[PDB]
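Q: Sharing target12.txt here; it has compact mmCIF, C-alpha atoms and all ligand atoms.
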```txt
# COMPACT_ATOMS: atom_id res chain seq x y z
CA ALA A 1 157.69 65.35 115.42
CA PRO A 2 156.46 61.84 114.53
CA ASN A 3 158.20 60.47 111.41
CA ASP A 4 155.03 59.58 109.49
CA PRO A 5 155.52 60.98 105.93
CA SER A 6 152.02 62.56 105.79
CA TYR A 7 151.98 64.01 109.34
CA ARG A 8 153.29 67.29 107.86
CA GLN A 9 149.95 67.58 106.00
CA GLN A 10 147.92 67.11 109.18
CA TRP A 11 147.65 70.85 109.98
CA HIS A 12 144.67 69.95 112.17
CA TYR A 13 147.02 68.48 114.83
CA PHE A 14 149.66 71.22 115.10
CA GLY A 15 148.98 74.33 112.95
CA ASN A 16 146.82 77.46 113.23
CA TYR A 17 143.33 76.59 114.55
CA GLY A 18 144.35 72.95 115.06
CA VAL A 19 144.10 71.03 118.33
CA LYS A 20 147.75 71.37 119.56
CA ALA A 21 148.11 67.58 119.95
CA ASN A 22 151.88 67.80 119.25
CA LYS A 23 152.39 69.90 122.40
CA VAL A 24 150.90 67.06 124.47
CA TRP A 25 152.88 64.32 122.67
CA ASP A 26 155.99 66.42 123.53
CA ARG A 27 154.90 66.34 127.19
CA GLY A 28 154.83 62.51 126.96
CA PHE A 29 151.06 61.91 126.89
CA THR A 30 149.62 59.93 124.00
CA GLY A 31 146.49 58.23 125.43
CA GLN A 32 148.37 55.26 126.89
CA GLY A 33 146.00 52.84 128.65
CA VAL A 34 142.83 54.41 127.23
CA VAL A 35 140.25 52.58 125.10
CA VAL A 36 138.17 54.60 122.64
CA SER A 37 135.23 53.09 120.80
CA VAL A 38 134.34 54.08 117.25
CA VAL A 39 130.66 53.40 116.60
CA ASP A 40 130.62 53.62 112.79
CA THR A 41 130.96 51.71 109.45
CA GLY A 42 133.48 49.22 110.86
CA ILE A 43 137.19 48.85 110.25
CA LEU A 44 139.62 48.21 107.42
CA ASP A 45 142.56 45.84 107.46
CA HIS A 46 145.06 48.69 107.24
CA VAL A 47 148.82 48.73 108.03
CA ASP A 48 148.44 52.14 109.70
CA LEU A 49 145.50 50.99 111.86
CA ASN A 50 145.88 47.31 112.87
CA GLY A 51 148.46 47.68 115.66
CA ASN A 52 146.17 50.09 117.51
CA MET A 53 142.85 48.22 117.07
CA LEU A 54 141.34 45.90 119.70
CA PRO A 55 138.57 43.30 119.12
CA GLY A 56 135.24 44.92 118.24
CA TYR A 57 131.81 43.70 117.20
CA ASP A 58 129.43 43.95 114.23
CA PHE A 59 125.96 45.04 115.39
CA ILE A 60 124.34 45.40 111.93
CA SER A 61 121.18 43.26 112.10
CA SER A 62 120.48 43.46 108.35
CA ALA A 63 122.58 40.83 106.52
CA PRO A 64 121.98 42.62 103.15
CA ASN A 65 123.20 45.99 104.44
CA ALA A 66 126.18 44.43 106.30
CA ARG A 67 127.44 42.70 103.08
CA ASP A 68 129.07 39.86 105.02
CA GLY A 69 126.53 37.01 104.72
CA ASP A 70 124.98 37.19 108.21
CA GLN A 71 123.33 39.32 110.91
CA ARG A 72 125.23 40.29 114.09
CA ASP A 73 128.73 38.78 114.24
CA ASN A 74 132.18 39.19 115.84
CA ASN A 75 133.95 40.71 112.82
CA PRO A 76 133.42 44.51 112.49
CA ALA A 77 135.17 44.59 109.05
CA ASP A 78 133.91 47.48 106.91
CA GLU A 79 132.66 45.72 103.78
CA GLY A 80 131.94 49.06 102.08
CA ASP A 81 128.81 51.22 102.33
CA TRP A 82 128.55 52.21 98.64
CA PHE A 83 125.22 52.05 96.82
CA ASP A 84 123.91 52.78 93.32
CA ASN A 85 120.56 53.11 91.52
CA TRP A 86 118.69 54.41 94.61
CA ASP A 87 119.40 51.07 96.37
CA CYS A 88 118.83 52.90 99.68
CA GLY A 89 115.53 54.50 98.60
CA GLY A 90 114.56 58.02 97.57
CA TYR A 91 113.94 57.68 93.82
CA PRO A 92 113.73 59.96 91.87
CA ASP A 93 115.71 62.46 94.03
CA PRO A 94 119.11 62.80 92.26
CA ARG A 95 120.77 63.40 95.66
CA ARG A 96 119.99 59.83 96.73
CA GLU A 97 120.90 57.95 93.54
CA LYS A 98 124.43 56.82 94.43
CA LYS A 99 127.49 57.02 96.69
CA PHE A 100 131.01 55.61 96.78
CA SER A 101 132.27 53.80 99.89
CA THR A 102 133.13 56.30 102.64
CA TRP A 103 135.50 54.13 104.76
CA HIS A 104 134.19 56.45 107.44
CA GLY A 105 134.93 54.29 110.48
CA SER A 106 138.55 53.86 109.40
CA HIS A 107 139.05 57.55 108.66
CA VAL A 108 137.56 58.33 112.11
CA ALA A 109 139.60 55.58 113.84
CA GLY A 110 142.79 56.94 112.22
CA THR A 111 142.14 60.44 113.58
CA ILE A 112 141.92 58.89 117.07
CA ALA A 113 144.78 56.34 116.94
CA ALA A 114 146.50 55.75 113.59
CA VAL A 115 149.79 53.94 114.18
CA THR A 116 152.21 56.81 114.61
CA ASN A 117 156.00 57.18 114.37
CA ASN A 118 156.06 54.03 112.18
CA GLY A 119 157.55 55.59 109.03
CA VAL A 120 154.35 55.21 106.99
CA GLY A 121 151.09 57.10 106.41
CA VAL A 122 149.72 59.41 109.07
CA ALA A 123 149.58 60.15 112.81
CA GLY A 124 146.67 59.93 115.28
CA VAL A 125 145.76 62.33 118.13
CA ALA A 126 145.90 59.62 120.82
CA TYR A 127 148.31 57.21 119.22
CA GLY A 128 149.12 55.60 122.58
CA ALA A 129 145.46 54.60 122.98
CA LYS A 130 143.58 51.68 121.44
CA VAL A 131 140.37 51.65 119.39
CA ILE A 132 137.49 49.19 119.47
CA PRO A 133 135.59 49.29 116.13
CA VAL A 134 131.90 48.85 116.79
CA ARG A 135 130.18 48.34 113.46
CA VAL A 136 126.63 49.71 113.28
CA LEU A 137 126.48 51.38 109.84
CA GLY A 138 126.26 49.52 106.54
CA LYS A 139 125.03 50.18 102.98
CA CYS A 140 122.01 52.32 103.96
CA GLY A 141 123.26 53.67 107.30
CA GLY A 142 122.13 51.91 110.47
CA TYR A 143 119.08 51.02 112.56
CA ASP A 144 118.71 53.15 115.71
CA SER A 145 118.70 50.07 117.98
CA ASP A 146 121.88 48.70 116.31
CA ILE A 147 123.57 52.06 116.92
CA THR A 148 122.58 52.32 120.60
CA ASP A 149 123.24 48.61 121.39
CA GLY A 150 126.73 49.06 119.93
CA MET A 151 127.33 52.32 121.83
CA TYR A 152 126.27 50.67 125.12
CA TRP A 153 128.24 47.44 124.56
CA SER A 154 131.31 49.55 123.72
CA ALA A 155 131.21 51.03 127.24
CA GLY A 156 130.89 47.54 128.77
CA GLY A 157 127.09 47.16 128.65
CA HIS A 158 125.71 43.61 128.38
CA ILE A 159 123.77 42.71 125.20
CA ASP A 160 121.87 39.39 125.01
CA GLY A 161 123.43 36.97 122.53
CA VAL A 162 126.62 39.06 122.36
CA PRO A 163 129.82 38.04 124.19
CA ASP A 164 130.70 40.55 126.90
CA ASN A 165 133.06 43.33 125.85
CA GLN A 166 136.46 42.64 127.43
CA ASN A 167 137.78 46.04 126.39
CA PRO A 168 135.30 48.59 127.79
CA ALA A 169 135.86 52.12 126.42
CA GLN A 170 136.18 55.30 128.47
CA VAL A 171 135.45 57.41 125.37
CA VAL A 172 132.68 56.54 122.91
CA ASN A 173 132.98 58.26 119.53
CA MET A 174 129.74 58.44 117.52
CA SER A 175 130.46 60.17 114.20
CA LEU A 176 126.91 59.56 113.03
CA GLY A 177 123.44 61.08 113.07
CA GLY A 178 119.80 60.54 112.23
CA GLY A 179 117.02 63.10 111.84
CA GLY A 180 114.82 64.39 114.66
CA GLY A 181 115.00 64.79 118.44
CA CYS A 182 116.05 62.24 121.04
CA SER A 183 113.76 59.21 121.58
CA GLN A 184 113.08 58.03 125.15
CA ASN A 185 114.90 54.75 124.45
CA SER A 186 117.96 56.44 122.90
CA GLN A 187 118.26 58.75 125.92
CA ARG A 188 117.90 55.76 128.27
CA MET A 189 120.69 53.91 126.44
CA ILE A 190 122.86 57.09 126.43
CA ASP A 191 122.40 57.67 130.18
CA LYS A 192 123.24 54.00 130.93
CA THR A 193 126.43 54.32 128.84
CA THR A 194 127.53 57.61 130.47
CA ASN A 195 126.78 56.34 133.97
CA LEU A 196 129.14 53.40 133.40
CA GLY A 197 131.88 56.05 133.24
CA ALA A 198 132.16 56.62 129.47
CA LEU A 199 132.22 60.03 127.74
CA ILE A 200 130.06 60.00 124.62
CA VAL A 201 131.44 62.30 121.92
CA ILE A 202 129.25 62.94 118.91
CA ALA A 203 129.32 64.69 115.56
CA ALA A 204 126.91 67.66 115.58
CA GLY A 205 125.68 66.78 112.05
CA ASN A 206 126.11 68.11 108.50
CA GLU A 207 122.74 69.59 107.52
CA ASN A 208 123.56 73.28 108.21
CA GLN A 209 120.71 73.44 110.75
CA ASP A 210 120.17 73.71 114.48
CA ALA A 211 121.64 70.64 116.20
CA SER A 212 118.58 70.41 118.52
CA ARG A 213 116.67 69.07 115.50
CA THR A 214 119.05 66.10 115.07
CA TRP A 215 120.01 62.99 117.07
CA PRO A 216 122.27 62.55 119.11
CA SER A 217 122.95 66.31 119.66
CA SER A 218 119.35 66.79 120.93
CA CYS A 219 120.04 64.17 123.63
CA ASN A 220 121.39 64.97 127.08
CA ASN A 221 124.71 63.55 128.36
CA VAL A 222 126.58 63.75 125.03
CA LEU A 223 129.44 66.05 124.07
CA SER A 224 128.41 67.55 120.74
CA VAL A 225 131.16 68.55 118.33
CA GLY A 226 130.90 71.16 115.54
CA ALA A 227 133.33 71.41 112.64
CA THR A 228 135.79 74.23 111.92
CA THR A 229 138.01 75.04 108.92
CA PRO A 230 141.75 75.86 108.59
CA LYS A 231 140.47 79.48 108.80
CA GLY A 232 139.07 78.89 112.31
CA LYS A 233 135.51 79.51 111.10
CA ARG A 234 132.40 77.27 111.03
CA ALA A 235 132.42 74.71 108.23
CA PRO A 236 129.34 75.62 106.10
CA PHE A 237 127.72 72.19 106.59
CA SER A 238 128.19 72.09 110.39
CA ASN A 239 125.11 71.95 112.57
CA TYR A 240 125.09 74.72 115.17
CA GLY A 241 123.47 76.26 118.26
CA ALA A 242 123.14 75.78 122.01
CA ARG A 243 123.33 71.99 121.64
CA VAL A 244 126.90 72.25 120.24
CA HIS A 245 129.40 72.42 123.12
CA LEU A 246 132.74 72.87 121.28
CA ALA A 247 134.36 72.47 117.87
CA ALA A 248 137.32 70.75 116.22
CA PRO A 249 138.92 70.81 112.72
CA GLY A 250 136.35 69.34 110.32
CA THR A 251 137.64 70.02 106.78
CA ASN A 252 140.83 68.95 104.91
CA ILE A 253 141.24 66.23 107.52
CA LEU A 254 143.79 63.65 106.38
CA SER A 255 143.38 60.10 107.71
CA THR A 256 143.28 56.37 106.90
CA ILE A 257 141.02 55.04 104.08
CA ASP A 258 140.88 52.50 101.26
CA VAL A 259 141.06 53.43 97.54
CA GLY A 260 138.03 51.22 96.73
CA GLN A 261 134.82 52.89 95.49
CA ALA A 262 132.92 49.71 96.34
CA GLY A 263 134.58 46.88 98.31
CA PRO A 264 138.11 47.19 99.78
CA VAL A 265 141.01 47.23 97.24
CA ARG A 266 144.09 48.91 98.80
CA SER A 267 144.89 50.80 102.02
CA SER A 268 145.51 54.50 101.47
CA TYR A 269 145.18 57.97 103.01
CA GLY A 270 142.81 60.77 102.08
CA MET A 271 141.20 64.03 103.18
CA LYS A 272 137.55 64.31 104.19
CA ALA A 273 135.18 66.91 105.57
CA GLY A 274 132.38 66.46 108.11
CA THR A 275 131.54 66.91 111.79
CA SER A 276 132.33 63.19 111.77
CA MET A 277 135.99 64.19 111.41
CA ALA A 278 135.73 66.84 114.14
CA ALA A 279 134.37 64.45 116.80
CA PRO A 280 137.43 62.09 116.70
CA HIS A 281 139.70 65.10 117.37
CA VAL A 282 137.72 65.59 120.58
CA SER A 283 137.66 61.86 121.44
CA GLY A 284 141.43 61.78 120.83
CA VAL A 285 142.01 64.78 123.11
CA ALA A 286 139.74 63.21 125.77
CA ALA A 287 142.03 60.11 125.72
CA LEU A 288 145.12 62.36 126.06
CA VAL A 289 143.50 64.04 129.09
CA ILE A 290 142.67 60.65 130.69
CA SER A 291 146.26 59.43 130.19
CA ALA A 292 147.47 62.59 131.98
CA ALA A 293 144.92 62.21 134.83
CA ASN A 294 145.95 58.53 135.16
CA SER A 295 149.61 59.60 135.62
CA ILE A 296 148.70 61.48 138.82
CA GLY A 297 146.15 58.90 140.04
CA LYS A 298 143.17 61.17 139.40
CA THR A 299 139.73 59.74 138.61
CA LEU A 300 137.69 61.73 136.05
CA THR A 301 133.94 61.35 135.54
CA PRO A 302 132.66 61.91 131.98
CA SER A 303 131.07 65.14 133.29
CA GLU A 304 134.41 66.35 134.72
CA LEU A 305 136.31 65.34 131.56
CA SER A 306 133.67 67.08 129.39
CA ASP A 307 133.99 70.27 131.45
CA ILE A 308 137.80 70.31 131.08
CA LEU A 309 137.49 69.96 127.28
CA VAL A 310 134.86 72.73 126.97
CA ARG A 311 136.52 74.97 129.63
CA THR A 312 139.91 75.08 127.95
CA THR A 313 139.11 75.50 124.22
CA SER A 314 141.13 77.93 122.10
CA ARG A 315 139.58 80.95 120.34
CA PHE A 316 137.75 80.95 117.02
CA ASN A 317 139.02 83.27 114.26
CA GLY A 318 137.02 86.29 115.38
CA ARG A 319 133.29 85.75 114.94
CA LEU A 320 131.12 82.89 113.64
CA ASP A 321 127.86 83.03 111.67
CA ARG A 322 126.27 80.49 114.06
CA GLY A 323 127.05 79.20 117.59
CA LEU A 324 129.64 76.42 117.70
CA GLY A 325 130.34 76.01 121.43
CA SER A 326 133.08 77.57 123.56
CA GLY A 327 135.93 77.31 121.03
CA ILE A 328 138.25 74.82 119.33
CA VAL A 329 139.33 71.86 121.49
CA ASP A 330 142.85 72.53 122.80
CA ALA A 331 144.79 69.43 123.95
CA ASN A 332 147.61 71.42 125.57
CA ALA A 333 145.31 73.64 127.66
CA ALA A 334 143.09 70.64 128.52
CA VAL A 335 146.05 68.63 129.86
CA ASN A 336 147.33 71.75 131.71
CA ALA A 337 143.95 71.87 133.47
CA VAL A 338 144.22 68.28 134.80
CA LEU A 339 147.88 68.38 135.82
CA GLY A 340 147.42 71.69 137.69
CA CA A 401 126.99 40.33 109.71
CA CA A 402 130.83 41.40 110.03
CA CA A 403 151.63 56.06 110.60
```
The structure in this file should be written as structure tokens.
A:
Amino acid sequence: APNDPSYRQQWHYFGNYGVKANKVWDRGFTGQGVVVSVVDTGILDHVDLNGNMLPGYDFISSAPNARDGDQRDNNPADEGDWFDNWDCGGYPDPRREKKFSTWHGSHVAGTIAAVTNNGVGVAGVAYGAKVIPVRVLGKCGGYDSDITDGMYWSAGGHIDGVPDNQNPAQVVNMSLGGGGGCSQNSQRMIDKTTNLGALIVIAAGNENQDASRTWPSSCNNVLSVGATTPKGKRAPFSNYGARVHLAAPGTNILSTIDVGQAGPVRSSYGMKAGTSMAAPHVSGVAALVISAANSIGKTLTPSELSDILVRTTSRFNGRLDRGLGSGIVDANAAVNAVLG
């Protein structure tokens, strides 16, 4: 086992209805040589993250919502996405009044590749891999075009006025949403990204509805991830249906955060729930599978990788109330499939 003091609490890696990532670490595969992008709120300066992060980019076009004094820039630091007094609209709906900083991108990045076996904090699923933080979400979420520009650039796509990404990602984690079906432009950007050779892994969404009514799960060429509990059942918030392909642990997920309710104050660790936490389990397992395929000189297309991940899932706890794909992502079975 890795020596990280809080790894023992990360049931979602090793325990019942977890992803069996420990079995693959034991086999010697950790995501070595794989780049995963996290298209999210940005990144924290965090002792348990830094060593595994590569240069990213900040695609937030709104200077106000980015909280860093400018528009697009080369520092994807998460300044905090808190708001208060309906600063992001919606008055007088009490549900939209206020929120504390989520540190979402860092929590997600930690699930993929927290610095592991370093005697502090937590472990990550693909702790041999590296993450590129692609900041697209600020105070009031993100603009669609900022999200898809970032996604595309993260796979090695050229964006005008942005230096070319020197660390193209083979797995693109999008733990984000947006209401409604897939726009023609979004699909175009998604297809371009996939066809570069990158697997796009997305959170199914947290509105307890059919995923076909939300972006990006309504899009083609994305791997859509639902959220399960320690009980191996659907998390009550998880979007569902035919547009969900598989599931991963999505509640009581311990990862890297900051204690700050507004701006950053001190690096810490904390549990969260969301399909946003389930997606990085899948992205992490995808990186494990690529590292294994690399070891035998096997090329995997995103379609082939996606099929392995869906094909080899472990069983749900009996029966679900709504469809959540083929099963829970299983790193051990997935790697067994590629190594033959
Ligand atoms: Ca900026
Ligand atoms: Ca910035
Ligand atoms: Ca650690």
Q: Tell me, in Å to one decimal, how far atom CA of residue A:57 is from atom CA of residue A:143.
A: 15.4 Å
Q: Identify, counting all atoms listed in the file, the protein, DNA and RNA residues located within 8 Å of ligand CA 401 (chain A), and give them as a PyMOL selection string.
A: chain A and resi 58-63+66-73+75
Q: Between atom CA of residue A:27 and atom CA of residue A:301, what is the spacing in Å?
A: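 Interatomic distance, atom CA of residue A:301 to atom CA of residue A:27: 23.1 Å.
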Q: Using only C-alpha atoms, find the one residue out of A:169, A:77, A:300, A:222 that sits nearest to residue A:202.
A: A:222
Q: Would you mind telling me which residue in A:285, A:271, A:337, A:21 lies nearest to residue A:257 when using only C-alpha atoms?
A: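 Answer, going by the shortest atom-to-atom distance: A:271.
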Q: Which is closest to residue A:296 among A:340, A:248, A:270, A:116, if we use only C-alpha atoms?
A: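 So, comparing all the options, the nearest one is A:340.
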Q: Within 9 Å of residue A:277, counting all atoms listed in the file, which residues show up once you throw out same-chain ones fewer than 3 positions away? Write them as a ChimeraX atom specification, please.
A: /A:104,107-108,111,175,203,227,248-251,253,272-274,280-281
Q: Identify which of the residues A:1, A:35, A:122, A:244 lies closest to ligand CA 403 (chain A), counting only C-alpha atoms and all ligand atoms when measuring atom-to-atom distances.
A: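 Looking at the shortest contact to ligand CA 403 (chain A), the residue is A:122.
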Q: Name all residues at most 7 Å from residue A:245 (count only C-alpha atoms; drop same-chain ones fewer than 4 positions away) and give them as a ChimeraX atom specification.
A: /A:223-225,310,324-326
Q: Using all atoms listed in the file, which of the listed residues (A:142, A:264, A:124, A:56) sits closest to ligand CA 402 (chain A)?
A: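 Closest to ligand CA 402 (chain A) of all the choices is A:56.
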Q: Considering all atoms listed in the file, state which residue in the set A:291, A:297, A:238, A:303 is at the smallest distance from residue A:321.
A: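 The closest residue to residue A:321 is A:238.
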